[PDB]
There are 2 protein chains.
Amino acid sequence: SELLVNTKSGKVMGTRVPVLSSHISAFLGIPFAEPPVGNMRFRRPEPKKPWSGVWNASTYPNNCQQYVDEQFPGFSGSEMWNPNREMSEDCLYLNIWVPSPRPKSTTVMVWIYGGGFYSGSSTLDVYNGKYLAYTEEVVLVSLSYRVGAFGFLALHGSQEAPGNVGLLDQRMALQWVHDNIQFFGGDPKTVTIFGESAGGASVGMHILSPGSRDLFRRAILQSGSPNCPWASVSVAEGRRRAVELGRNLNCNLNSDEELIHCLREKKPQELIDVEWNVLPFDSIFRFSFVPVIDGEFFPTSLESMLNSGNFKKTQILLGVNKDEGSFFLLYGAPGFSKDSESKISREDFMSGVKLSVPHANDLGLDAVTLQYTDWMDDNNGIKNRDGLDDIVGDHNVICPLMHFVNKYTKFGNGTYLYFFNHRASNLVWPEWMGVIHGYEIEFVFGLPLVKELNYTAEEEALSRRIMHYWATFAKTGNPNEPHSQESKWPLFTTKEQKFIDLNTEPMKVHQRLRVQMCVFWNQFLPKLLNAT
Amino acid sequence: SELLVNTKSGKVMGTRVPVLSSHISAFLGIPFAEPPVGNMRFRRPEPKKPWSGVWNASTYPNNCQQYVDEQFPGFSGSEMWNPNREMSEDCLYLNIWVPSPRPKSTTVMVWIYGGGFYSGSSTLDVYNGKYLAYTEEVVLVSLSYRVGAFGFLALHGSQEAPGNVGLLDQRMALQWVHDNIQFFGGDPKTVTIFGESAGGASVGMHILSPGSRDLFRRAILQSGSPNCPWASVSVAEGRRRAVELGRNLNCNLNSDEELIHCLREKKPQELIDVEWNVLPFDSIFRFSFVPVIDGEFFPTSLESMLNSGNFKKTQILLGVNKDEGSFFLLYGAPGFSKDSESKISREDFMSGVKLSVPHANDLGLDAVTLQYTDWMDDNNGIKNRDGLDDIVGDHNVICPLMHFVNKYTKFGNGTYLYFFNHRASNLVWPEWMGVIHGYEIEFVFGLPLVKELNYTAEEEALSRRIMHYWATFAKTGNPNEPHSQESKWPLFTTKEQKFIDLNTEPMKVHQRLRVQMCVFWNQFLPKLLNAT
Ligand SMILES: C[N@@H+](Cc1ccnc(NC(=O)Nc2cccc3c2[C@@H]2CCCCN2C3=O)c1)Cc1cn(CCNC2=c3ccccc3=NC3CCCCC23)nn1
Ligand SMILES: C[N@@H+](Cc1ccnc(NC(=O)Nc2cccc3c2[C@@H]2CCCCN2C3=O)c1)Cc1cn(CCNC2=c3ccccc3=NC3CCCCC23)nn1
Ligand SMILES: *[C@@H]1O[C@H](CO)[C@@H](O)[C@H](O)[C@H]1NC(C)=O
Ligand SMILES: *[C@@H]1O[C@H](CO)[C@@H](O)[C@H](O)[C@H]1NC(C)=O
Ligand SMILES: *[C@@H]1O[C@H](CO)[C@@H](O)[C@H](O)[C@H]1NC(C)=O
Ligand SMILES: *[C@@H]1O[C@H](CO)[C@@H](O)[C@H](O)[C@H]1NC(C)=O
Ligand SMILES: *[C@@H]1O[C@H](CO)[C@@H](O)[C@H](O)[C@H]1NC(C)=O
Ligand SMILES: *[C@@H]1O[C@H](CO)[C@@H](O)[C@H](O)[C@H]1NC(C)=O
Ligand SMILES: [Cl-]
Ligand SMILES: [Cl-]
Ligand SMILES: [Cl-]
Ligand SMILES: [Cl-]
Ligand SMILES: [Cl-]
Ligand SMILES: [Cl-]
Ligand SMILES: [Cl-]
Ligand SMILES: [Cl-]
Ligand SMILES: [Cl-]
Ligand SMILES: [Cl-]
Ligand SMILES: [Cl-]
Ligand SMILES: [Cl-]
Ligand SMILES: [Cl-]
């Protein structure tokens with residue numbers, strides 16, 4: 001009765017799951033799209049044709065076709081990110097957690113996973129929405145979208161494989177929530193989208209895309225933003241990559257129509273096996289199939305939209321972690337190791353710089369080297385490691401986000417900036433990697449409230465603060481509660497540029513987050529690469 | 001009798017001058033060149049024609065024709081550098097200080113005054129050679145040379161105005177000393193040339209010039225070196241300025257002989273009046289008529305000589321002051337006179353960076369600006385002033401010198417490096433100016449030993465240490481006396497790059513003098529400008 005809901009696409013039968021020492025309602029694996037199989041591969045999503053009967057919505061769905069990481073088999077630190085369900089091109093489903101009893105028009109939070117646009121799943125243990133929905137009494141949605149070539153193969157001009165179809169997937173899950181979340185207790189006019197990494201960049205792209213603005217109220221961006229250097233490509237580069245993929249598979253390259261149907265015949269993992277061979281450089285923190293600046297989803301360049309103010313004006317709550325770069329060096333760089341302190345010689349440092357700014361010329365790599373080398377001590381293995389770490393995070397995550405924060409605040413109505421730098425007490429990774437990319441997610445989603453997972457009671461409190469900041473921001477557009485006595489998180493302003501620390505210690509206010517290095521990455525280095 | 005010496009050019013008779021509580025011999029205004037007057041203006045010096053009689057060498061000679069500083073009339077801090085004798089083109093004379101009774105073949109130190117190649121005099125109170133000669137029992141010579149257009153008008157190809165004739169003036173005074181110092185008790189085989197600023201750059205140039213190498217033994221360079229950006233010009237740039245000097249005096253410009261003929265009919269002060277108008281840019285720490293890279297005095301470019309080791313191999317002692325750039329900013333950048341101290345606004349800072357690096361394109365100016373700005377605090381008047389202060393010293397003095405000390409030590413037979421950072425307790429300048437360009441000269445020459453000049457007893461001790469380091473180095477090629485128990489000044493080597501501090505505190509040994517900023521000035525910025 002509570003688990004039997006009559007949507008505009010059919011009836012859905014949920015299930016009563018346990019949370020903490022209570023229960024709530026879960027509606028798992030509801031489809032919002034026609035399965036993009038067959039010659040519907042690479043194509044714009046089509047709305048799910050409505051169904052008679054009762055859709056069984058009591059089990060997690062499939063995960064989309066993606067490259068599976070086998071770097072450290074059996075290791076929980078890395079397997080926690082892999083698909084925990086079967087993979088299938090039939091994967092466009094969403095999950096809904098409803099408090100119990102079902103509320104009356106309560107605040108909706110829609111979660112978009114990251115994973116560099118090539119991986120990701122809605123069904124991961126650390127994206128379990130029961131804790132956040134129960135504690136803050138919000139209705140928690142998590143969607144999905146096609147990743148890799150299946151979601152972002154771009155042959156602009158063709159309508160067979162136009163590009164950005166994985167973003168269009170996310171838009172159709174937002175459109176479904178707009179049309180149906182009211183039947184679950186959710187208020188369609190108070191919906192907050194939020195995601196991390198490629199999901200944070202996705203959030204920002206819906207802020208900018210005109211066809212997406214009317215489908216959500218406000219936005220949270222965690223360690224990602226639409227202007228990141230790994231998040232977009234030109235229609236030329238995306239066409240170069242798509243053609244290069246057909247070459248790798250012996251496809252007819254005479255026309256698109258011939259290329260697209262050649263690729264539609266291959267098995268999904270046939271594409272995945274050659275996915276990485278299309279990248280133009282040797283790189284870390286670069287991914288093959290990503291959104292394109294097509295002129296449709298994005299009417300002009302991202303920067304000219306941020307300049308003119310051509311985007312949704314609302315409130316945003318965003319931030320970054322302390323060591324966004326570390327695990328990307330673990331995986332792709334010389335001298336690092338999961339079971340070692342990972343001191344790195346000057347020769348490996350200059351190699352890492354090359355992998356990390358793969359587009360620069362020699363003048364640019366010299367500039368980057370100069371900015372992060374302590375020439376009084378240039379063979380200090382620790383300083384070289386920490387230095388290259390900061391390079392990856394600053395270039396790929398922090399300084400792109402900071403540039404997005406400064407342009408958005410000009411026209412927006414409320415900006416709340418955070419810096420996350422608590423290292424979880426139970427972390428399975430070596431401590432040289434500090435606060436790792438993606439590792440604030442377990443605090444956002446309430447997992448420190450489970451005694452079984454062996455957090456400290458101060459981490460439970462930190463997790464409860466974050467869940468509240470997030471949910472309160474989702475309801476009111478402001479993460480602080482009026483008339484309380486907890487210290488207030490200040491508005492980031494164009495003039496004072498304030499932000500807070502998120503950790504177990506009392507809240508400190510700082511200003512100008514990593515400004516010295518982001519003037520280099522956002523102002524000086526682009527000028528030097530454009531002039532040479 | 002002691003005072004009566006028979007040289008290879010004639011007899012000379014000096015005077016018995018008092019030094020502290022004693023006396024020494026002094027031979028003032030001895031000529032070493034035919035007066036470069038009339039049609040000898042701008043032309044290589046000719047050896048003094050030997051005279052009959054007794055040359056009266058008991059008074060200082062004239063100072064060469066030069067631009068006179070009238071920025072702060074009557075103010076000793078600046079007037080102590082101005083000519084204190086009459087100005088005349090008949091100025092090629094040298095001074096000698098000889099201990100009494102006359103030593104037999106003792107060590108000779110030859111002083112070369114600085115002044116940016118446009119000013120300078122051997123006769124200043126601060127170059128009073130009597131103290132160093134008496135205290136260290138050395139024969140102290142100070143030469144002279146033509147400055148400004150009179151010494152460095154370069155019309156390459158012409159033999160009427162070739163260029164570098166002021167460096168040749170210096171060479172002829174060194175040749176005179178090589179031929180005659182033995183008659184005064186000096187050992188022509190133990191000659192040390194030493195100079196500050198343009199003198200230090202001159203000293204380095206004699207190390208480099210094959211025609212000068214056999215005229216001296218070792219070398220001391222103070223706050224100058226030959227590769228400084230203000231110390232040399234191409235034959236083209238030198239030609240462009242020589243012509244533009246004639247254009248300013250409405251001279252014929254159809255040929256070198258008519259340009260030269262025109263400029264020898266103008267009175268000296270005419271040329272001085274127009275001298276500053278031929279600089280290519282608005283600038284500070286740039287001078288109009290400087291040595292030229294001609295292929296005779298310097299067979300190839302300064303860098304190719306250093307890379308290849310084409311220079312005299314011996315021992316050098318060299319160093320810099322803490323605040324080389326301050327007085328160039330006081331004199332030349334407004335903003336340094338809008339404040340009691342000299343807190344400068346951010347807009348004054350960006351303008352100074354333009355007047356300090358007069359050859360950089362806007363990309364180079366952004367690079368300089370970015371390197372010296374604290375973007376957490378960019379409106380700090382003190383940080384802005386101090387920042388541009390270092391820019392002027394690092395670019396013009398410290399980092400040109402460190403490039404020279406590193407290239408030389410690969411091939412040389414011994415390098416000693418110093419950092420002078422004492423502020424005299426009796427300085428007439430404001431405190432923000434620090435340790436000013438040229439204010440170690442008073443310690444080198446023993447002035448703190450005069451009670452009437454009210455230095456502290458700790459500074460008299462510092463001046464005795466300096467004179468000894470200088471004189472011992474002049475005698476043995478090493479400033480330390482071994483057998484001593486006093487702290488030892490270590491060699492600068494290619495690997496450890498050690499240097500010491502000169503002040504009243506006990507000796508400290510550092511490494512890599514200002515290496516972070518000199519990597520910027522000496523490798524990154526030159527290649528930034530090479531590219532654009
Ligand atoms: C960088 N990623 C790896 C990668 C793998 C394979 N290949 C490349 N790159 C290449 O270039 N490969 C390549 C491979 C073989 C041959 C060639 C080439 C290149 C291609 C170009 C031309 C030359 N090449 C070749 O011949 C990069 C890094 C990466 C991996 N995960 C998935 C794991 N999830 C995560 C984590 C994992 C650990 C810790 C924290 C994590 N937090 C997060 C938060 C966001 C969700 C995912 C996530 N996420 N990010
Ligand atoms: C650089 N000096 C100034 C200067 C004067 C005149 N003019 C320029 N520069 C220009 O650009 N002038 C200019 C003037 C008028 C019109 C135009 C232009 C420009 C020319 C370019 C095109 C456009 N312009 C014009 O239309 C610079 C600075 C300078 C001055 N002293 C002589 C003083 N002795 C010294 C000191 C003095 C005080 C403290 C420490 C000192 N320690 C030393 C140590 C070394 C011996 C000298 C010395 N030494 N250094
Ligand atoms: C829904 O699916 C699960 C397993 O796929 C099954 O055990 C459960 O009984 C189903 N519920 C129905 C058919 O009502
Ligand atoms: C947001 O917009 C409202 C409506 O114009 C305005 O009253 C409010 O002050 C704005 N807030 C911010 C932080 O810009
Ligand atoms: C948490 O700690 C308990 C007690 O030490 C242990 O039995 C359990 O296996 C731990 N859980 C995890 C997930 O490590
Ligand atoms: C040399 O000149 C000085 C200064 O005028 C004078 O006192 C001295 O008598 C002169 N010597 C001779 C021998 O004339
Ligand atoms: C200087 O040269 C001598 C003789 O050739 C040599 O033995 C000595 O080691 C050298 N010293 C330095 C410091 O280079
Ligand atoms: C030297 O210092 C003393 C004591 O401070 C002072 O009285 C004297 O007048 C000073 N001498 C000069 C020439 O300024
Ligand atoms: Cl094509
Ligand atoms: Cl298939
Ligand atoms: Cl080490
Ligand atoms: Cl760390
Ligand atoms: Cl604002
Ligand atoms: Cl005296
Ligand atoms: Cl000797
Ligand atoms: Cl000409
Ligand atoms: Cl002639
Ligand atoms: Cl005039
Ligand atoms: Cl200072
Ligand atoms: Cl005294
Ligand atoms: Cl020794």
# chains A, B, ... in the order shown; residues from 1 in each chain; ligands from 1
>>> residues_near_ligand(ligand="ligand 21", cutoff="12 Å", atoms="only C-alpha atoms and all ligand atoms", output="NGL selection string")
:B and (414 or 416 or 469 or 472-473 or 476-491)
>>> write_last_selection(atoms="C-alpha atoms", output="PDB file, in the first residue's frame")
ATOM      1  CA  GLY B 414      88.701  28.745  -7.079  1.00  0.00           C
ATOM      2  CA  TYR B 416      84.524  32.495  -3.009  1.00  0.00           C
ATOM      3  CA  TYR B 469      89.564  38.649   3.474  1.00  0.00           C
ATOM      4  CA  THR B 472      94.625  37.859   1.944  1.00  0.00           C
ATOM      5  CA  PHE B 473      92.676  36.732  -1.116  1.00  0.00           C
ATOM      6  CA  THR B 476      97.267  34.024  -1.807  1.00  0.00           C
ATOM      7  CA  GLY B 477      94.157  33.399  -3.911  1.00  0.00           C
ATOM      8  CA  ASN B 478      92.268  32.342  -0.739  1.00  0.00           C
ATOM      9  CA  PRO B 479      90.689  34.803   1.752  1.00  0.00           C
ATOM     10  CA  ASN B 480      91.281  32.515   4.714  1.00  0.00           C
ATOM     11  CA  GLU B 481      94.643  32.370   6.494  1.00  0.00           C
ATOM     12  CA  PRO B 482      95.018  28.699   7.407  1.00  0.00           C
ATOM     13  CA  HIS B 483      96.772  28.079  10.725  1.00  0.00           C
ATOM     14  CA  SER B 484      94.033  30.374  12.005  1.00  0.00           C
ATOM     15  CA  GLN B 485      91.318  29.318  14.430  1.00  0.00           C
ATOM     16  CA  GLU B 486      88.785  31.844  13.116  1.00  0.00           C
ATOM     17  CA  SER B 487      85.882  30.485  11.089  1.00  0.00           C
ATOM     18  CA  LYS B 488      86.812  29.397   7.560  1.00  0.00           C
ATOM     19  CA  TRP B 489      85.024  30.780   4.466  1.00  0.00           C
ATOM     20  CA  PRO B 490      84.411  27.699   2.312  1.00  0.00           C
ATOM     21  CA  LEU B 491      84.912  27.438  -1.420  1.00  0.00           C
TER      22      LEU B 491
END
>>> residues_around(residues="residue 49 of chain A", least_positions_apart="2", cutoff="8 Å", atoms="only C-alpha atoms", output="MDAnalysis selection string")
chainID A and resid 9 33:34 47 51
>>> select_by_dssp(residues="segment 6-71 of chain A", states="strand (DSSP E or B)", output="list in words")
residues 6, 11, 12, 13, 15, 16, 17, 18, 19, 22, 23, 24, 25, 26, 27, 28, 29, 30, 31, 33, 47, 54, 55, 56, 58 and 63 of chain A
>>> calpha_fit_rmsd(fixed="chain A", moving="chain B")
0.6 Å
>>> residues_around(residues="segment 150-156 of chain A", least_positions_apart="6", cutoff="7 Å", atoms="only C-alpha atoms", output="ChimeraX atom specification")
/A:41-42,162-166,235,238-239,242,289-291,294
>>> write_last_selection(atoms="N, CA, C and O atoms", output="CSV table (one decimal), in the first residue's frame")
chain,number,residue,atom,x,y,z
A,41,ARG,N,21.6,1.9,-30.1
A,41,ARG,CA,23.0,2.2,-29.5
A,41,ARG,C,23.5,3.6,-30.1
A,41,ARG,O,23.3,3.9,-31.3
A,42,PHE,N,24.1,4.4,-29.2
A,42,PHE,CA,24.6,5.7,-29.5
A,42,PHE,C,23.5,6.8,-29.7
A,42,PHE,O,23.9,7.9,-30.0
A,162,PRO,N,24.8,11.5,-32.3
A,162,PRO,CA,25.1,12.9,-32.3
A,162,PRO,C,26.1,13.3,-31.2
A,162,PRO,O,26.8,14.3,-31.4
A,163,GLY,N,26.0,12.6,-30.0
A,163,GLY,CA,26.8,13.0,-28.9
A,163,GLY,C,26.0,13.4,-27.7
A,163,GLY,O,24.8,13.7,-27.9
A,164,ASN,N,26.6,13.4,-26.5
A,164,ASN,CA,26.0,13.8,-25.3
A,164,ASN,C,24.7,13.0,-25.0
A,164,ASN,O,23.9,13.5,-24.1
A,165,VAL,N,24.5,11.8,-25.5
A,165,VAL,CA,23.3,11.0,-25.3
A,165,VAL,C,23.3,10.6,-23.8
A,165,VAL,O,22.2,10.4,-23.3
A,166,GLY,N,24.5,10.4,-23.2
A,166,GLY,CA,24.5,10.0,-21.8
A,166,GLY,C,24.0,11.2,-20.9
A,166,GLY,O,23.5,11.0,-19.9
A,235,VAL,N,33.8,19.2,-31.3
A,235,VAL,CA,33.2,18.2,-32.2
A,235,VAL,C,34.2,17.6,-33.1
A,235,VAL,O,34.1,16.5,-33.5
A,238,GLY,N,36.1,14.9,-30.9
A,238,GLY,CA,35.2,13.8,-30.6
A,238,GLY,C,34.9,13.0,-31.9
A,238,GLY,O,34.8,11.8,-31.8
A,239,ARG,N,34.9,13.6,-33.0
A,239,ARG,CA,34.9,12.9,-34.3
A,239,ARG,C,36.2,12.2,-34.6
A,239,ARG,O,36.2,11.0,-35.0
A,242,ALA,N,36.0,9.1,-32.4
A,242,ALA,CA,35.1,8.1,-32.9
A,242,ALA,C,35.6,7.3,-34.1
A,242,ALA,O,35.5,6.1,-34.2
A,289,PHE,N,35.6,9.1,-24.0
A,289,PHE,CA,34.4,9.5,-24.5
A,289,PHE,C,33.7,10.3,-23.4
A,289,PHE,O,33.4,9.8,-22.4
A,290,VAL,N,33.5,11.6,-23.8
A,290,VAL,CA,33.0,12.7,-22.8
A,290,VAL,C,32.1,13.6,-23.6
A,290,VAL,O,32.0,13.5,-24.8
A,291,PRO,N,31.4,14.5,-22.9
A,291,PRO,CA,30.5,15.4,-23.7
A,291,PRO,C,31.2,16.3,-24.7
A,291,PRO,O,32.4,16.7,-24.5
A,294,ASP,N,28.6,21.0,-28.7
A,294,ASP,CA,27.9,20.7,-30.0
A,294,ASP,C,27.2,21.9,-30.6
A,294,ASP,O,26.9,21.9,-31.8
>>> interface_residues(of="chain A", to="chain B", cutoff="7 Å", atoms="only C-alpha atoms", output="list in words")
residues 363, 375, 376, 512, 515, 516, 528, 531 and 532 of chain A
>>> write_last_selection(atoms="N, CA, C and O atoms", output="compact mmCIF listing (two decimals), in the first residue's frame")
# COMPACT_ATOMS: atom_id res chain seq x y z
N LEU A 363 57.47 24.93 -23.17
CA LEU A 363 57.38 26.12 -22.32
C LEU A 363 56.36 25.93 -21.20
O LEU A 363 56.60 26.35 -20.06
N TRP A 375 63.57 24.47 -5.34
CA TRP A 375 64.92 24.38 -5.89
C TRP A 375 66.02 24.41 -4.84
O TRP A 375 67.19 24.24 -5.20
N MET A 376 65.70 24.62 -3.56
CA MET A 376 66.66 24.43 -2.48
C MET A 376 66.80 22.97 -2.08
O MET A 376 67.64 22.67 -1.21
N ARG A 512 39.81 32.86 -0.12
CA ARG A 512 40.60 32.64 -1.33
C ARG A 512 41.23 31.26 -1.35
O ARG A 512 42.43 31.12 -1.06
N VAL A 515 44.48 30.23 -3.95
CA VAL A 515 44.42 31.29 -4.94
C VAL A 515 45.74 31.40 -5.70
O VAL A 515 45.75 31.54 -6.93
N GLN A 516 46.87 31.29 -4.99
CA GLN A 516 48.17 31.42 -5.64
C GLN A 516 48.33 30.46 -6.81
O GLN A 516 48.71 30.86 -7.92
N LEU A 528 49.76 31.61 -21.70
CA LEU A 528 51.04 31.20 -22.26
C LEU A 528 50.87 30.10 -23.31
O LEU A 528 51.65 30.04 -24.27
N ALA A 531 49.47 31.93 -26.53
CA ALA A 531 50.46 32.75 -27.23
C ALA A 531 51.60 31.94 -27.84
O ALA A 531 52.37 32.49 -28.64
N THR A 532 51.75 30.66 -27.49
CA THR A 532 52.78 29.80 -28.06
C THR A 532 52.18 28.46 -28.49
O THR A 532 52.87 27.58 -29.01
>>> residues_near_ligand(ligand="ligand 16", cutoff="8 Å", atoms="only C-alpha atoms and all ligand atoms", output="PyMOL selection string")
chain B and resi 239+243+253-256+259
